[PDB]
Structure formats: structure tokens, C-alpha cells
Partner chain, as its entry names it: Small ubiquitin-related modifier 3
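Only one chain is included here, represented as C-alpha cells and corresponding to the form deposited without its partner chain.
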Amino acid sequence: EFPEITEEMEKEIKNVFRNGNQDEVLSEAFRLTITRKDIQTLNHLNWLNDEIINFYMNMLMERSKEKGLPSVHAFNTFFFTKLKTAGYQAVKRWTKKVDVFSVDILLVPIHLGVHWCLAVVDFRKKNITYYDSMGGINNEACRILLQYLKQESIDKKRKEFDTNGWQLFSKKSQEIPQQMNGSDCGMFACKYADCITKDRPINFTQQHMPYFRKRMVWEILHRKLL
């Protein structure tokens, strides 16, 4: 049971996979810009680029904030890779004007080479979780985030972070639906985050991915999550 893409929506979708002004700005929001060229990475079995993922993640953050939903901060895709390679100092600034502790959930898209994964800080559940649609485990990435929270707590609020009851872990291959197409990895990251930010169980599989790509084109174009 998934929202249908009507013939009319399919028309809005087909239209934007047409060729033409690769620069044409299709959607502008959250400081970002989605062009025809970005949107094309959603087509066929193209790899999503960062603009799509960031744009999507910000739609989830914008949707959190409606009542009943957990509140969400989405980190931009470059954040984790900058944190890992260069340390806390290189990312510390990225959070002026943001109190990372005043939200329920932090979303951290993780770019490992060609591949996408996702880490999630849930302050309600007091834990930090890694999701990889290939079933890889990334102990490190969660520790790196714990360590970041500590250094953010010290730097922003003048207090150490309380790790009591906090649990770091990777979701295993049988626990979340797995990819078959390498290029779908960014789609799994986005859709993992969709369910999680809604507190819904992750209840799709690889077969829904063609549908999800078409849908995300549509969603991005209207800045409306279905």
C-alpha cells in the first residue's frame, strides 16, 4: 500500500527526464538547487548525486516539525567525510545557529567511495545506529559520531556528554531490506531515513525502488512528500 503516481503525475515526471536546459532550475529550496541534470541521476539506474540526497534529507527535516513527528536535523552529505578526514575543528562551524541537542533525531548520510549509507542519532532512544543496504558494519562511524557529540557538547553547551545508556550499532543484513542494484544505494539511505523520521517500520524492498525513484522526482519537483 503506497501512494499512487497518477497518469497526470507521471506526465510531470516524464517531462523532466526530457532533454533541454541542463541548468534549468527545477526546484530551489534550503540553499540548494535541483536542476534537470540533478534530477536525471534519479532516472533509470543512475547513481543519485549529493544534491538530490541533501535536498531530500532537507524535505524530511522540513516535514519533522509538523505536529506529532519527531524533530529532525539532517547533516549535509559532506559533513561526515569532512569530520572523518579532518576532525572536529573542520566541522565545528557547520553548526552555528544550530542546537543539535534540541532535536530528537540527527540524520548523517555517509559517503564511502561510490557507496551510500546512513547513520542516525536518536536522542529519545539514547542510541546511534548505522544502516547499510549492502549489510556492511561500521562500528567506527558510530564512535566517530559519539566522539563528535561529546566535542559538540563541550563546545556549544559547556558540558560533557552523558554516554550512560547510550548504545552504538549497525543494523544487520536480515534486519533491513538489502539492495540488488549498486546504484540504488542512495535511494535506500533516503528511504531508510523517510521511515525512521516518521517512526514507521522500514517496510519496503528492492522491488519498490523503480517506483521510489519516480516518486522522488515528483516529490522534489513539488517540495511535497507523499
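Think of the rigid core as the biggest set of C-alphas that the two forms share within 1.5 Å after superposition. Positions refer to the first chain, counted from 1.
Comparing 166-174 with 196-204 in 4 other deposited structures of this protein, after superposition on the rigid core, the stretch with the greater RMS C-alpha deviation is 166-174.
The discussion below concerns the form deposited with its partner chain bound, not included here.
Here the chain stands alone, but in the entry with it bound its contact with its partner chain, taken as any heavy atom within 4.5 Å, falls in 23-31 among 191-199, 23-31, 62-70, 161-169. Among residues of the shown chain, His115 is one whose heavy atoms approach its partner chain to within 4.5 Å in the entry with it bound. Though the partner is left out of this view, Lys150 does not reach within 4.5 Å of its partner chain in the entry with it bound, counting heavy atoms only. Taking the partner from the other structure, its partner chain in the entry with it bound has a heavy atom within 4.5 Å of a heavy atom of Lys37. In the entry with it bound, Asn127 stays away from its partner chain, with no heavy atom inside 4.5 Å. If you take 91-110 and check each residue for a heavy atom within 4.5 Å of its partner chain in the entry with it bound, you get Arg93, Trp94, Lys96, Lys97, in sequence order.
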